[PDB]
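S.K.: Quick one: this structure, given as structure tokens, is what I'll be asking you about.
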Amino acid sequence: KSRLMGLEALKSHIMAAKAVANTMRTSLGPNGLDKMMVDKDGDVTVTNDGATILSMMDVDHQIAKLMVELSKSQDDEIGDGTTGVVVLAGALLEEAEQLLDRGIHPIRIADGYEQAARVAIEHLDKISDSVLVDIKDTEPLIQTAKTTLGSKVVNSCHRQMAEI
Amino acid sequence: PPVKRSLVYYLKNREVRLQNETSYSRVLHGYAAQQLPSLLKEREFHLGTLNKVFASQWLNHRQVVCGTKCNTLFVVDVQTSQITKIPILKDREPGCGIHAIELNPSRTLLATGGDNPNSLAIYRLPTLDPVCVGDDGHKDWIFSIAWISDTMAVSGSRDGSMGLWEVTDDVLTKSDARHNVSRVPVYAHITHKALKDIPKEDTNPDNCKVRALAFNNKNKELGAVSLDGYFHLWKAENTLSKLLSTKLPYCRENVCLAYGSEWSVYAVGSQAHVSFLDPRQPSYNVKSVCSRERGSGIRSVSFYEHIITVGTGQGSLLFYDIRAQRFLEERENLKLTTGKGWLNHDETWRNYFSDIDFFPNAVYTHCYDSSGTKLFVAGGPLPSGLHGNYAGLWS
Amino acid sequence: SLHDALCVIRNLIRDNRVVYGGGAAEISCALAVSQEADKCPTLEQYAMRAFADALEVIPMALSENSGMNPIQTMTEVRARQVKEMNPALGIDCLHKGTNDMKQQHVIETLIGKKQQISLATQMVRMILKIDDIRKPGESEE
């Protein structure tokens, strides 16, 4: 009988979360690196969407299965941030290991993460002013579309797609 | 010649005190222990704005000491319904709350948490005068305290360590001499004698925090409950050394420990069940009784003769009859319930629990008096994010 | 690619609720959590601090993929979070070295950042629910 004692039982989840976060952390922002994949039919695709890479890769772990839904819920409602949600979830778990070394009960650390998330979410209502000028806002929107297409899927940054 | 266990012989011998035997005390108290729980009346006290009460002990026939989440130590005068606070002692250097309180076998030294949750503070009884400075032996908060002797005390911590503090004959003699001679008390400076960790078993080595301690005066054993699901037994007759470890049926919310001196059984709380441990039995031979309060957790446990009192997060106290192997029924399990006490609708409540106006006051501590007829109950709201207190005397 | 571009702009044109993420909004949220860790005397205070540190994984990763030192790069944004509240000045993602979000053109929808945090914390709760069958309250200690 093989038993996983303490951090060993959680290490399975930590390693899986790092296995994905290692690719998500390199894809964040306009400077993110795209992920190229070859399908089972020999079809090469280029994506920077966390949901796509998690669904296209062969799932062999509970975390890898759950992370698919984690990113899918982001693009279905919001769009961008499919890689950021995974990185944040992995970081919370990575710090959870340190909390266990403090001797804090595994459930109590989970409770603290939920409480902190509630405050971090609500604090976003005050972060960033609600006054935007149409002319000043047009420029970052153009740059965002150019980096969204040109750094994630298409290496030639189609002028028509980003501008239209 | 048969053994006489009847209370009739006790009554007729007590009137003359002609070598009246003490063997009748077991029946006297056990008989009352079955009938008392259903006849108790509630006497609620107002604790003011104290955060929570986590631990309590009987100091006199009229007063019970109580520890708090804010590190404030105080005594509830149940005879006059008055609240008296005790000054919080500082450490030797300026480097949570009080989760446990214990009295030495001689009832002369009170051990509670100090201003710093990682330090032990010592108070003098019955005067409440300070005895010693807060120590710095632990690197983390102290969650458990147990007096292994009249001069020695052991305190646990979140990191699984247990500090061993010993008062020498010279220190105790000078401390007592100063308190009786000088009207103004003078406290002594102390440090821990040794620091030992609980054994590392095949269970979670990280969740090694010691949440509860209990001392067996008959066998000089120090029991300890960890949150990794294992129970640890240490010898504390003269020095601190490990004896045995046993497996608990549940590894969740194992926060309370009590020892039945008449049964040689360690009672360990859990998320729902009370475990009955026997150091003489195999590590897997542990019985469990369900408190029926599933999902709320068992917060306190104690023995009154053969009746086990179990405090839960719903603010109720259950009574288990060891001889009958069942919970006592009300004259439908018999249970006491806490009052409203005081709830703090502070910013934390507003941020996390704004959808609920009132929470039941969980039973964090309870204790029987020397007669066994008065049961002090104290606690506060179950959620860790809320502040609020309750206390009352059942009689 | 068009879905993400069109969603961000659609929300920013319909309403002016924007978040300058990438290190500015994350550090601000980290402070709000840390403040509660100090206000709350309880056992979970350390776990909340851990959350506040985890929020910094994003600017860290954004500078980790770049040639910039992520520790030195996040130093300025953290210091600014102390100097001023609710900053819109985070780390650059265009490797320009200018700590801003209005000149680096890194903009996201306010609801988008809220959704990212909400989803990530749900993942944590599900995996740190080790063997409790009945759903408990946040029991005390």
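In the structure tokens, chains take the letters A, B, ... in the order shown, each chain's residues start at 1, and ligands count up from 1 in the order shown.
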At a cut-off of 7 Å, using only C-alpha atoms, what residues contact residue 296 in chain B? Leave out same-chain residues fewer than 4 positions from it and give the result as a list in words.
M.R.: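 Counting only C-alpha atoms, the residues come to residues 271, 312, 313 and 314 of chain B; 136 and 137 of chain C.
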S.K.: List as CSV every residue of chain B that is in contact with chain A, defined as an atom at most 6 Å from one of its atoms (using only C-alpha atoms), together with the nearest atom pair and the distance in Å rounded to one decimal, sorted by chain and then rising number.
M.R.:
residue,atom,partner,partner_atom,distance
B:158,CA,A:103,CA,5.3
B:159,CA,A:103,CA,5.2
B:203,CA,A:5,CA,5.1
B:204,CA,A:6,CA,3.7
B:205,CA,A:6,CA,5.8
B:206,CA,A:101,CA,5.5
B:207,CA,A:103,CA,5.1
B:209,CA,A:103,CA,5.8
S.K.: Got a sec to tell me which of range 226-380 of chain B DSSP assigns to alpha helix (DSSP H), as a list in words?
M.R.: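 Written out, the alpha helix (DSSP H) residues of range 226-380 of chain B are residues 347, 348, 349, 350, 351 and 352 of chain B.
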S.K.: Based on only C-alpha atoms, which of the residues in chain C come within 7 Å of chain B? I want them as a count of residues only.
M.R.: 10
S.K.: In Å, rounded to a single decimal, give me how far CA of residue 75 in chain C is from CA of residue 27 in chain A.
M.R.: 22.1 Å
S.K.: In terms of the shortest atom-to-atom distance over only C-alpha atoms, which of A:94, A:134, A:80, A:41 is closest to chain C?
M.R.: A:80
S.K.: Would you list the contacts of residue 103 in chain C as a list in words, taking every protein, DNA or RNA residue within 10 Å and counting only C-alpha atoms, but skipping same-chain residues closer than 6 positions in sequence?
M.R.: residues 139 and 140 of chain A; 89, 92, 94 and 96 of chain C
S.K.: Quote the spacing between CA of residue 95 in chain C and CA of residue 73 in chain C in Å to one decimal place.
M.R.: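 Computed distance, CA of residue 95 in chain C to CA of residue 73 in chain C, equals 11.0 Å.
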S.K.: What is the CA of residue 373 in chain B to CA of residue 321 in chain B distance in Å?
M.R.: 16.5 Å
S.K.: Name the residues of range 171-221 of chain B that come out as strand (DSSP E) in a backbone DSSP run; write them as number ranges by chain.
M.R.: B: 194-197, 210-216, 221
S.K.: Counting only C-alpha atoms, what is within 12 Å of residue 112 in chain C, bar same-chain residues fewer than 2 positions away, as a PDB file with N, CA, C and O atoms, in the first residue's frame?
M.R.:
ATOM      1  N   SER A  73     -14.085  28.937 -18.976  1.00  0.00           N
ATOM      2  CA  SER A  73     -14.993  29.912 -18.386  1.00  0.00           C
ATOM      3  C   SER A  73     -14.519  31.342 -18.592  1.00  0.00           C
ATOM      4  O   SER A  73     -15.321  32.272 -18.454  1.00  0.00           O
ATOM      5  N   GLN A  74     -13.241  31.541 -18.902  1.00  0.00           N
ATOM      6  CA  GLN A  74     -12.724  32.887 -19.097  1.00  0.00           C
ATOM      7  C   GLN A  74     -12.984  33.388 -20.504  1.00  0.00           C
ATOM      8  O   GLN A  74     -13.403  34.538 -20.689  1.00  0.00           O
ATOM      9  N   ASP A  75     -12.737  32.539 -21.502  1.00  0.00           N
ATOM     10  CA  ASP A  75     -12.981  33.004 -22.870  1.00  0.00           C
ATOM     11  C   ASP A  75     -14.465  33.031 -23.224  1.00  0.00           C
ATOM     12  O   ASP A  75     -14.872  33.816 -24.091  1.00  0.00           O
ATOM     13  N   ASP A  76     -15.286  32.191 -22.580  1.00  0.00           N
ATOM     14  CA  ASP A  76     -16.713  32.192 -22.899  1.00  0.00           C
ATOM     15  C   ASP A  76     -17.383  33.497 -22.488  1.00  0.00           C
ATOM     16  O   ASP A  76     -18.291  33.980 -23.175  1.00  0.00           O
ATOM     17  N   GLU A  77     -16.967  34.070 -21.364  1.00  0.00           N
ATOM     18  CA  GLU A  77     -17.590  35.277 -20.841  1.00  0.00           C
ATOM     19  C   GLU A  77     -16.781  36.530 -21.127  1.00  0.00           C
ATOM     20  O   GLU A  77     -17.345  37.549 -21.538  1.00  0.00           O
ATOM     21  N   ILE A  78     -15.469  36.471 -20.934  1.00  0.00           N
ATOM     22  CA  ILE A  78     -14.603  37.636 -21.051  1.00  0.00           C
ATOM     23  C   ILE A  78     -13.829  37.635 -22.359  1.00  0.00           C
ATOM     24  O   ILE A  78     -13.767  38.647 -23.054  1.00  0.00           O
ATOM     25  N   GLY A  79     -13.217  36.506 -22.701  1.00  0.00           N
ATOM     26  CA  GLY A  79     -12.335  36.457 -23.845  1.00  0.00           C
ATOM     27  C   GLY A  79     -10.887  36.265 -23.443  1.00  0.00           C
ATOM     28  O   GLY A  79     -10.432  35.130 -23.273  1.00  0.00           O
ATOM     29  N   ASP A  80     -10.150  37.364 -23.297  1.00  0.00           N
ATOM     30  CA  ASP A  80      -8.745  37.284 -22.935  1.00  0.00           C
ATOM     31  C   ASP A  80      -8.592  36.947 -21.453  1.00  0.00           C
ATOM     32  O   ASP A  80      -9.531  37.064 -20.660  1.00  0.00           O
ATOM     33  N   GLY A  81      -7.385  36.533 -21.083  1.00  0.00           N
ATOM     34  CA  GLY A  81      -7.095  36.127 -19.727  1.00  0.00           C
ATOM     35  C   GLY A  81      -7.170  34.639 -19.483  1.00  0.00           C
ATOM     36  O   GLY A  81      -7.111  34.217 -18.322  1.00  0.00           O
ATOM     37  N   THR A  82      -7.305  33.833 -20.540  1.00  0.00           N
ATOM     38  CA  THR A  82      -7.391  32.387 -20.372  1.00  0.00           C
ATOM     39  C   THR A  82      -6.103  31.811 -19.802  1.00  0.00           C
ATOM     40  O   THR A  82      -6.137  30.796 -19.097  1.00  0.00           O
ATOM     41  N   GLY A  84      -3.966  33.803 -17.892  1.00  0.00           N
ATOM     42  CA  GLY A  84      -3.743  34.443 -16.605  1.00  0.00           C
ATOM     43  C   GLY A  84      -4.456  33.762 -15.454  1.00  0.00           C
ATOM     44  O   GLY A  84      -3.927  33.707 -14.335  1.00  0.00           O
ATOM     45  N   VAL A  85      -5.657  33.231 -15.704  1.00  0.00           N
ATOM     46  CA  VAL A  85      -6.405  32.556 -14.646  1.00  0.00           C
ATOM     47  C   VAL A  85      -5.649  31.326 -14.157  1.00  0.00           C
ATOM     48  O   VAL A  85      -5.607  31.038 -12.950  1.00  0.00           O
ATOM     49  N   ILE A 121     -11.332  40.824  -5.454  1.00  0.00           N
ATOM     50  CA  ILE A 121     -12.295  41.042  -6.528  1.00  0.00           C
ATOM     51  C   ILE A 121     -13.015  42.367  -6.332  1.00  0.00           C
ATOM     52  O   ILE A 121     -13.129  43.174  -7.263  1.00  0.00           O
ATOM     53  N   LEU A 124     -11.294  45.749  -7.094  1.00  0.00           N
ATOM     54  CA  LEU A 124     -11.143  46.130  -8.493  1.00  0.00           C
ATOM     55  C   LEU A 124     -12.127  47.212  -8.916  1.00  0.00           C
ATOM     56  O   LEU A 124     -11.890  47.883  -9.925  1.00  0.00           O
ATOM     57  N   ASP A 125     -13.229  47.388  -8.182  1.00  0.00           N
ATOM     58  CA  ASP A 125     -14.183  48.435  -8.534  1.00  0.00           C
ATOM     59  C   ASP A 125     -13.591  49.821  -8.334  1.00  0.00           C
ATOM     60  O   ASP A 125     -13.977  50.766  -9.030  1.00  0.00           O
TER      61      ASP A 125
ATOM     62  N   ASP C   4     -11.215  37.879 -28.616  1.00  0.00           N
ATOM     63  CA  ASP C   4     -10.646  38.613 -27.489  1.00  0.00           C
ATOM     64  C   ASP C   4     -10.593  40.112 -27.772  1.00  0.00           C
ATOM     65  O   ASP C   4     -10.973  40.932 -26.912  1.00  0.00           O
ATOM     66  N   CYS C   7     -14.150  41.517 -27.631  1.00  0.00           N
ATOM     67  CA  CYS C   7     -14.766  41.523 -26.309  1.00  0.00           C
ATOM     68  C   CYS C   7     -14.235  42.664 -25.448  1.00  0.00           C
ATOM     69  O   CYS C   7     -15.019  43.370 -24.783  1.00  0.00           O
ATOM     70  N   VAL C   8     -12.912  42.870 -25.462  1.00  0.00           N
ATOM     71  CA  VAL C   8     -12.345  43.959 -24.667  1.00  0.00           C
ATOM     72  C   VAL C   8     -12.904  45.300 -25.128  1.00  0.00           C
ATOM     73  O   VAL C   8     -13.373  46.119 -24.315  1.00  0.00           O
ATOM     74  N   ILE C   9     -12.882  45.540 -26.447  1.00  0.00           N
ATOM     75  CA  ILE C   9     -13.372  46.832 -26.919  1.00  0.00           C
ATOM     76  C   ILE C   9     -14.876  46.976 -26.704  1.00  0.00           C
ATOM     77  O   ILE C   9     -15.361  48.078 -26.417  1.00  0.00           O
ATOM     78  N   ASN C  11     -16.790  45.877 -24.286  1.00  0.00           N
ATOM     79  CA  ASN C  11     -17.098  46.300 -22.925  1.00  0.00           C
ATOM     80  C   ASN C  11     -16.593  47.708 -22.635  1.00  0.00           C
ATOM     81  O   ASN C  11     -17.253  48.458 -21.902  1.00  0.00           O
ATOM     82  N   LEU C  12     -15.438  48.089 -23.193  1.00  0.00           N
ATOM     83  CA  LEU C  12     -14.912  49.425 -22.912  1.00  0.00           C
ATOM     84  C   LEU C  12     -15.712  50.523 -23.606  1.00  0.00           C
ATOM     85  O   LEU C  12     -15.733  51.665 -23.132  1.00  0.00           O
ATOM     86  N   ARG C  17     -15.771  51.119 -17.615  1.00  0.00           N
ATOM     87  CA  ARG C  17     -15.195  50.332 -16.528  1.00  0.00           C
ATOM     88  C   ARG C  17     -13.999  49.561 -17.069  1.00  0.00           C
ATOM     89  O   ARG C  17     -14.154  48.527 -17.723  1.00  0.00           O
ATOM     90  N   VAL C  18     -12.799  50.056 -16.784  1.00  0.00           N
ATOM     91  CA  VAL C  18     -11.566  49.478 -17.298  1.00  0.00           C
ATOM     92  C   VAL C  18     -10.645  49.169 -16.128  1.00  0.00           C
ATOM     93  O   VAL C  18     -10.708  49.817 -15.080  1.00  0.00           O
ATOM     94  N   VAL C  19      -9.787  48.168 -16.312  1.00  0.00           N
ATOM     95  CA  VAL C  19      -8.764  47.821 -15.334  1.00  0.00           C
ATOM     96  C   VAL C  19      -7.414  47.782 -16.040  1.00  0.00           C
ATOM     97  O   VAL C  19      -7.273  47.151 -17.093  1.00  0.00           O
ATOM     98  N   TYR C  20      -6.426  48.471 -15.469  1.00  0.00           N
ATOM     99  CA  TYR C  20      -5.065  48.460 -16.006  1.00  0.00           C
ATOM    100  C   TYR C  20      -4.292  47.338 -15.322  1.00  0.00           C
ATOM    101  O   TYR C  20      -3.524  47.548 -14.382  1.00  0.00           O
ATOM    102  N   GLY C  21      -4.508  46.117 -15.809  1.00  0.00           N
ATOM    103  CA  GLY C  21      -3.858  44.954 -15.248  1.00  0.00           C
ATOM    104  C   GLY C  21      -2.444  44.777 -15.765  1.00  0.00           C
ATOM    105  O   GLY C  21      -1.912  45.591 -16.520  1.00  0.00           O
ATOM    106  N   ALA C  25      -3.088  46.642 -11.226  1.00  0.00           N
ATOM    107  CA  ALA C  25      -4.279  46.205 -10.509  1.00  0.00           C
ATOM    108  C   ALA C  25      -3.970  45.060  -9.550  1.00  0.00           C
ATOM    109  O   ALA C  25      -4.555  44.987  -8.459  1.00  0.00           O
ATOM    110  N   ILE C 107      -4.422  47.123 -21.600  1.00  0.00           N
ATOM    111  CA  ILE C 107      -5.721  47.415 -21.012  1.00  0.00           C
ATOM    112  C   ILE C 107      -6.570  46.153 -21.054  1.00  0.00           C
ATOM    113  O   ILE C 107      -6.504  45.379 -22.016  1.00  0.00           O
ATOM    114  N   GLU C 108      -7.357  45.939 -20.003  1.00  0.00           N
ATOM    115  CA  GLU C 108      -8.289  44.824 -19.934  1.00  0.00           C
ATOM    116  C   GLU C 108      -9.603  45.339 -19.365  1.00  0.00           C
ATOM    117  O   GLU C 108      -9.671  46.441 -18.816  1.00  0.00           O
ATOM    118  N   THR C 109     -10.660  44.541 -19.500  1.00  0.00           N
ATOM    119  CA  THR C 109     -11.952  44.946 -18.960  1.00  0.00           C
ATOM    120  C   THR C 109     -11.993  44.711 -17.455  1.00  0.00           C
ATOM    121  O   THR C 109     -11.428  43.739 -16.947  1.00  0.00           O
ATOM    122  N   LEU C 110     -12.661  45.622 -16.741  1.00  0.00           N
ATOM    123  CA  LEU C 110     -12.737  45.523 -15.284  1.00  0.00           C
ATOM    124  C   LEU C 110     -13.369  44.198 -14.853  1.00  0.00           C
ATOM    125  O   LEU C 110     -12.853  43.494 -13.959  1.00  0.00           O
ATOM    126  N   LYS C 114     -11.925  40.778 -12.585  1.00  0.00           N
ATOM    127  CA  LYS C 114     -12.739  40.167 -11.533  1.00  0.00           C
ATOM    128  C   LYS C 114     -12.990  38.685 -11.809  1.00  0.00           C
ATOM    129  O   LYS C 114     -12.919  37.850 -10.894  1.00  0.00           O
ATOM    130  N   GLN C 115     -13.280  38.343 -13.067  1.00  0.00           N
ATOM    131  CA  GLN C 115     -13.542  36.950 -13.412  1.00  0.00           C
ATOM    132  C   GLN C 115     -12.296  36.093 -13.240  1.00  0.00           C
ATOM    133  O   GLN C 115     -12.383  34.945 -12.784  1.00  0.00           O
ATOM    134  N   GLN C 116     -11.128  36.637 -13.596  1.00  0.00           N
ATOM    135  CA  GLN C 116      -9.890  35.871 -13.449  1.00  0.00           C
ATOM    136  C   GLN C 116      -9.636  35.496 -11.993  1.00  0.00           C
ATOM    137  O   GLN C 116      -9.317  34.334 -11.684  1.00  0.00           O
ATOM    138  N   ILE C 117      -9.799  36.457 -11.077  1.00  0.00           N
ATOM    139  CA  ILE C 117      -9.565  36.150  -9.663  1.00  0.00           C
ATOM    140  C   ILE C 117     -10.624  35.188  -9.126  1.00  0.00           C
ATOM    141  O   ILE C 117     -10.310  34.236  -8.388  1.00  0.00           O
ATOM    142  N   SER C 118     -11.895  35.430  -9.469  1.00  0.00           N
ATOM    143  CA  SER C 118     -12.978  34.579  -8.982  1.00  0.00           C
ATOM    144  C   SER C 118     -12.770  33.120  -9.399  1.00  0.00           C
ATOM    145  O   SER C 118     -12.868  32.190  -8.572  1.00  0.00           O
ATOM    146  N   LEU C 119     -12.418  32.904 -10.669  1.00  0.00           N
ATOM    147  CA  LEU C 119     -12.199  31.545 -11.155  1.00  0.00           C
ATOM    148  C   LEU C 119     -10.979  30.897 -10.497  1.00  0.00           C
ATOM    149  O   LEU C 119     -11.025  29.715 -10.094  1.00  0.00           O
TER     150      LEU C 119
END
S.K.: With only C-alpha atoms as the basis for distance, which of C:84, C:76, C:44, C:132 is at the shortest distance from chain A?
M.R.: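 Using only C-alpha atoms, chain A sits closest to C:44.
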S.K.: Please provide the set of residues having any atom within 10 Å of residue 102 in chain B, restricted to only C-alpha atoms, with same-chain residues fewer than 3 positions apart removed, written as a PyMOL selection string.
M.R.: chain B and resi 55-58+65+105+107+109-112+144-147+153+213-214
S.K.: Taking N, CA, C and O atoms for each residue, export the selection above as a tab-separated table (two decimals), in the first residue's frame.
M.R.:
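Just written: again-v8.tsv:
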chain	number	residue	atom	x	y	z
B	55	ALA	N	-11.05	28.91	26.29
B	55	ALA	CA	-10.61	28.01	27.35
B	55	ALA	C	-11.11	28.54	28.68
B	55	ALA	O	-11.24	29.75	28.87
B	56	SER	N	-11.39	27.63	29.61
B	56	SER	CA	-11.84	28.05	30.93
B	56	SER	C	-11.55	26.96	31.96
B	56	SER	O	-11.55	25.77	31.64
B	57	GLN	N	-11.31	27.39	33.20
B	57	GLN	CA	-11.04	26.48	34.30
B	57	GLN	C	-11.67	27.02	35.58
B	57	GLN	O	-11.79	28.23	35.76
B	58	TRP	N	-12.06	26.11	36.47
B	58	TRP	CA	-12.59	26.52	37.76
B	58	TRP	C	-11.44	26.91	38.68
B	58	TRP	O	-10.54	26.10	38.92
B	65	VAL	N	-11.95	31.01	35.41
B	65	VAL	CA	-11.06	31.76	34.53
B	65	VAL	C	-11.43	31.48	33.08
B	65	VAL	O	-11.83	30.37	32.73
B	105	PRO	N	-1.69	20.36	39.21
B	105	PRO	CA	-2.38	19.42	40.11
B	105	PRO	C	-2.62	19.97	41.51
B	105	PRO	O	-3.56	19.53	42.19
B	107	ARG	N	-3.35	23.17	42.11
B	107	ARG	CA	-4.24	24.33	42.02
B	107	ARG	C	-3.60	25.59	42.59
B	107	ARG	O	-4.27	26.41	43.22
B	109	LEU	N	-0.89	27.25	40.49
B	109	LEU	CA	-0.33	27.97	39.35
B	109	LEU	C	-1.28	27.89	38.17
B	109	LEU	O	-1.74	26.80	37.81
B	110	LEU	N	-1.57	29.04	37.56
B	110	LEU	CA	-2.45	29.14	36.40
B	110	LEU	C	-1.59	29.42	35.17
B	110	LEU	O	-0.82	30.39	35.16
B	111	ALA	N	-1.73	28.59	34.14
B	111	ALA	CA	-0.95	28.72	32.91
B	111	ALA	C	-1.87	29.16	31.78
B	111	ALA	O	-2.80	28.43	31.42
B	112	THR	N	-1.61	30.34	31.22
B	112	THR	CA	-2.40	30.87	30.11
B	112	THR	C	-1.46	31.48	29.07
B	112	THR	O	-0.27	31.66	29.31
B	144	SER	N	-2.01	24.87	22.84
B	144	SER	CA	-2.37	23.92	23.88
B	144	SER	C	-1.45	24.08	25.08
B	144	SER	O	-0.27	24.41	24.94
B	145	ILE	N	-2.01	23.85	26.27
B	145	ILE	CA	-1.28	23.91	27.53
B	145	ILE	C	-1.73	22.74	28.40
B	145	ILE	O	-2.92	22.41	28.43
B	146	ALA	N	-0.79	22.11	29.10
B	146	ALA	CA	-1.12	21.04	30.03
B	146	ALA	C	-0.09	21.00	31.15
B	146	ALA	O	1.11	21.05	30.88
B	147	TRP	N	-0.56	20.90	32.40
B	147	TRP	CA	0.34	20.82	33.55
B	147	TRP	C	0.63	19.35	33.85
B	147	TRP	O	-0.26	18.61	34.27
B	153	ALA	N	5.15	22.31	33.28
B	153	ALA	CA	4.06	22.48	32.34
B	153	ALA	C	4.60	22.32	30.92
B	153	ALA	O	5.75	22.68	30.63
B	213	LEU	N	-3.83	19.18	24.60
B	213	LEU	CA	-3.00	18.37	25.48
B	213	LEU	C	-3.82	17.98	26.71
B	213	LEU	O	-4.68	18.74	27.16
B	214	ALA	N	-3.55	16.79	27.24
B	214	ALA	CA	-4.21	16.33	28.45
B	214	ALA	C	-3.25	15.44	29.22
B	214	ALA	O	-2.53	14.63	28.63
S.K.: Ranking C:48, C:101, C:13, C:24 by minimum distance to chain A and counting only C-alpha atoms, which one comes first?
M.R.: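 Among C:48, C:101, C:13, C:24, it is C:48 that comes nearest to chain A.
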S.K.: Do you know which residues are at most 7 Å from range 35-37 of chain C counting only C-alpha atoms, after dropping those on the same chain fewer than 4 positions away, and could you put them as a PyMOL selection string?
M.R.: chain C and resi 31+45-46+48-49
S.K.: Write the residues of the selection above to a file with N, CA, C and O atoms, as a CSV table (one decimal), in the first residue's frame.
M.R.:
chain,number,residue,atom,x,y,z
C,31,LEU,N,-2.4,44.6,-1.8
C,31,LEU,CA,-2.4,45.5,-0.6
C,31,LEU,C,-3.7,45.3,0.1
C,31,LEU,O,-3.8,45.3,1.4
C,45,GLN,N,-5.0,34.7,8.7
C,45,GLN,CA,-4.3,35.9,8.3
C,45,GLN,C,-3.1,35.6,7.4
C,45,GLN,O,-2.8,36.3,6.5
C,46,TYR,N,-2.4,34.5,7.7
C,46,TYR,CA,-1.2,34.1,6.9
C,46,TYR,C,-1.6,33.6,5.6
C,46,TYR,O,-1.0,33.9,4.5
C,48,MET,N,-4.2,34.6,3.9
C,48,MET,CA,-4.6,35.8,3.1
C,48,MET,C,-3.3,36.5,2.6
C,48,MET,O,-3.3,36.9,1.5
C,49,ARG,N,-2.3,36.6,3.4
C,49,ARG,CA,-1.1,37.1,2.9
C,49,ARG,C,-0.5,36.4,1.8
C,49,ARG,O,0.0,36.9,0.8
S.K.: Nearest to residue 221 in chain B among B:200, B:167, B:304, B:279, with distances taken over only C-alpha atoms: which residue is it?
M.R.: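 Ranking B:200, B:167, B:304, B:279 by distance to residue 221 in chain B, first place goes to B:279.
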S.K.: Between A:13, A:1, A:65, A:40, which has the minimum distance to chain C (counting only C-alpha atoms)?
M.R.: A:13
S.K.: Identify, on the basis of only C-alpha atoms, every residue whose closest approach to residue 156 in chain A does not exceed 10 Å; exclude the query and any residue fewer than 6 positions from it along the same chain; express the result as a PDB file with C-alpha atoms, in the first residue's frame.
M.R.:
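New file part39.pdb:
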ATOM      1  CA  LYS A 146      -2.333  44.098 -33.240  1.00  0.00           C
ATOM      2  CA  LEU A 149      -3.513  38.681 -33.341  1.00  0.00           C
ATOM      3  CA  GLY A 150       0.149  39.239 -34.242  1.00  0.00           C
TER       4      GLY A 150
END
S.K.: Go through A:113, A:16, A:22, A:54 one by one, measure the shortest atom-to-atom distance of each to chain C using only C-alpha atoms, and give the residue with the smallest value.
M.R.: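 The shortest atom-to-atom distance to chain C comes from A:113.
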